[PDB]
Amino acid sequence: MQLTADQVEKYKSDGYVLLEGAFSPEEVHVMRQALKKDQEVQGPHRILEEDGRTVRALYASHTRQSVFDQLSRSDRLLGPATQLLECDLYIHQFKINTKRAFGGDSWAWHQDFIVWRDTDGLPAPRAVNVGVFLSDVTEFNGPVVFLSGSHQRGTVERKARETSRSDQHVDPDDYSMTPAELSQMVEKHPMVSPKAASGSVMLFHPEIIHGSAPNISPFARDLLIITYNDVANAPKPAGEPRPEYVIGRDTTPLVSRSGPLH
């Protein structure tokens, strides 16, 4: 148990918490090399920007690169995730949102949970998102922005857009917050953005409202997000389940491991 009482309180009240410097520069380098290799793999798990010039998102890199499997079992991620949820955990979703320098596109304002509830039959928000900065995150390269404390409202109901932006995953556009909702909410739940060097870890709640702007800077923003889910909270889909690359199916409890990534 590494999170302090203050850190757990911040997660409960504000919906997110930043752990700076969890991984060393050398460990970041190993992960970036594995990302460069994984970005070249062909398949439906690889989502391009709308302009087709770069990758926008990669799914399930932990099934293809050893270091990302190691990362997902590291006690530096699972320790904190287990403190917050107090249960056995497994990977519901593993993604890297690779927002390129010089025009990497935005991510619409949204909550995560309603998407998984309505698309995948996820019963409850008994999950936690764990971000790992593979780039330095600054005000300039399209950081995740949270509406602080906005998870306390619970789920803000909406229907999925008639047509989907992508047939490879659910882009948050499909379930985006309306301008009216965001305008009402922001007075009590102000915009905040964790900013820190690569190797930092960011935990955030599946019902916090979050989004991010285009990256006009000369610096990329590669953000890895592992969504850990309570093994007792496995999805119960209505129709055919979505692919395993986007929605995890192996509910074996993960056992944390210590030591450096390689």
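Throughout, we count residues from 1 along the sequence that is shown.
> Look over 100-108 and 84-92 in the entry and identify the one with the greater average Cα temperature factor.
Per the PDB record, 84-92.
> When the C-alpha temperature factors are averaged for each of 151-159 and 122-130, which stretch ends up with the higher value in the entry?
Comparing 151-159 with 122-130, the higher average CA B-factor belongs to 151-159.
> Using only the C-alpha B-factors in the record, can you name which of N233, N215, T63, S200 has the highest?
Comparing C-alpha B-factors across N233, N215, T63, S200, the maximum falls on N233.
> Compare the CA B factors listed in the entry for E207, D69, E50, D222 and report the winner.
Comparing C-alpha B-factors across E207, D69, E50, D222, the top value belongs to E50.
> Would the CA B-factor of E181 place it in the lowest, middle or highest third of its chain?
Middle third.
> Splitting the chain's C-alpha B-factors into thirds, which one does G15 fall into?
Its C-alpha B-factor, which the entry lists for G15, ranks in the lowest third among residues of this chain.
> Which third, lowest, middle or highest, does the C-alpha temperature factor of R165 belong to within its own chain?
It belongs to the highest third of the chain when residues are ordered by C-alpha B-factor.
> Sorting by Cα B-factor within the chain, modelled residues only, which third would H189 end up in: lowest, middle or highest?
Tercile = lowest for this residue's CA B-factor.
> Hey, what third does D173 fall into on Cα B-factor, ranked over its chain?
Highest third, going by the recorded CA B-factors of the chain.
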